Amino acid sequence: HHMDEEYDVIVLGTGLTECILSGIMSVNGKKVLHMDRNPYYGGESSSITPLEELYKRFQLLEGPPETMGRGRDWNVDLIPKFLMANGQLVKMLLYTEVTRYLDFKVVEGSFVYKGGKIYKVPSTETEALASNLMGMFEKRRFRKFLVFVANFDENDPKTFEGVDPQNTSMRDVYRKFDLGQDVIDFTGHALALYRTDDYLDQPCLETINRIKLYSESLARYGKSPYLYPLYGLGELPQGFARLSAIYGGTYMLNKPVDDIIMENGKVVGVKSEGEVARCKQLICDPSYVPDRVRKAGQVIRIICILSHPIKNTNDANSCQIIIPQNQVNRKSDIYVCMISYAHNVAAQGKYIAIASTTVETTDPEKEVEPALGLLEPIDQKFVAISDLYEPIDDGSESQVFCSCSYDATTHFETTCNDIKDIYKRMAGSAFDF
């Protein structure tokens, strides 16, 4: 196979981050080469089909039983995550117009674990007053808090209720409504989607905005703010490869990268199968540049096939479940996202629930037991432990722009942050929304 002599940008890997940045560069007028050493799309964020290939990948020579249904009807993302409907990832997708090729379907449910049990996440005053997450008095204080957040308007100090959005901490806002620790857990982790409680001692504006984002994103009759594509996240690399073609570039799979050529500390090209392609800038995932990354931790994901909807979700055909770390005596949250035949990722009547967390012990499977217990009985588990990498080079000098590995969260916020950060490093200014 052959390459042109020169491109503006070379992209290595077809993980989601690389595909989105490639698409932005194409729509912005760059000449892009996009390659992958693998014979399949997604990099680490790859989608497996048919089901027999999933069994083989996890070394299950027994193959799927009959009862798993038609194998070709399974599209199993290794790293499933949901999109906040009004979030910036969707805005970037719209900018590129890759959305022409995707069928997002609303995720039915959104839940949070509290004291042993899962509950619907309440984001409207009506939901607050029906919620079993809180007792009678506290749910009415929470209703008042939601009314404050909804009415808040950065340009009208009357709506601040005496808080300074730029300086009053979110801890002090919660104190204004006398919200207890359990409410703070679900609010911060399941409404605002933080990983940690660092926000508590930071100015409240960003948190208020995050809660607004949740409430404002979709619903219809009461469904979640989350989107997931029919056929799963493998539709994104496929859509981006089609978009790239329209602009004149064809994605190249099964294409080894022999060398990233550097001169005076700056990339000047890539060598592949006896040819050198020149470029001004290079985008890649960590696997292409081991000397330009450091390990940031490890994640465990357990894919669980079920023959039943998750208990206590009103028979949801898809759902988000957040397990805040303080509810389970850990230093990192546990996540479960579930998608099923309703999103055309499993055979009829089957469900895929994927549990994830950041490894903290020498028994990572044991760490996920609070999530698994919500799902039992489980037909089959598929366990994967992954190392996380982050660049130690921001590319300002090298012009080598490396992504971060995908973290344990089951939504795209931290992925979107990485994309925005890489864009800024590349362009010299922020993606202008």
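From 1 onward, residues are counted along the sequence shown.
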Higher avg CA temperature factor (346-354 vs 220-228, as deposited) belongs to 220-228
For 270-278 versus 174-182, entry-based mean Cα B-factors point to 270-278
Note to self: of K255, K295, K105, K158, the C-alpha temperature factor tops out at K255
Reading the B-factor column for Cα atoms of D285, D197, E235, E127, the highest value belongs to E127
Assert third(CA B-factor, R210) within chain per record equals lowest
Binned into thirds over the chain's modelled residues, the C-alpha B-factor of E52 lands in the highest
The third of the chain into which the C-alpha temperature factor of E97 falls is the middle
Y113: C-alpha B-factor third of its chain, per the entry, is the lowest
In terms of its chain's C-alpha B-factors, the third that includes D164 is the middle
